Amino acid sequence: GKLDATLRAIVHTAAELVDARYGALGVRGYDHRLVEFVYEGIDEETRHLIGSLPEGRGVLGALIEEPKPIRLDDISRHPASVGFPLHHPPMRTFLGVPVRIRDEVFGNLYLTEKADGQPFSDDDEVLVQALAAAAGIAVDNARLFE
């Protein structure tokens, strides 16, 4: 539509910008279930194989509690990592930022598997922060929340 289409554009744009194989952005509602879930790097066939949508339970729920960008050379190092459900493709390098405006958080933007086992840089972080802010404006524009 308009939000979905802009969210998809951001995820695609961020992955390209930071040169990541995969990207997602989830936006969650009042019940903490997703309203918007947009992902890059995986076709519809593997998507259906993965099955359930994420619960945002580990590193990603660290991202929503904190407001902090999370930038990791290996996500399994992080205390709150829970690992991946079967068929989900393996990923180690992780760059995730919150999607936000004012003191409101809507969800997150996250990228994995930077080309060759290269770590994400701070350059990369600032770009993903710029795009996650563009995503905050887009959600706030669409309204969606009280």
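From 1 onward, residues are counted along the sequence shown.
- The deposited model assigns a higher average Cα B-factor to 56-64 than to the other stretch when 56-64 and 87-95 are compared.
- Ranked by C-alpha B-factor against the other modelled residues of its chain, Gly26 falls in the lowest third.
- Ranked by Cα temperature factor within the chain, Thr46 sits in the highest third according to the deposited record.
- Among all modelled residues in this chain, the alpha-carbon of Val105 has a temperature factor (C-alpha) in the highest third.
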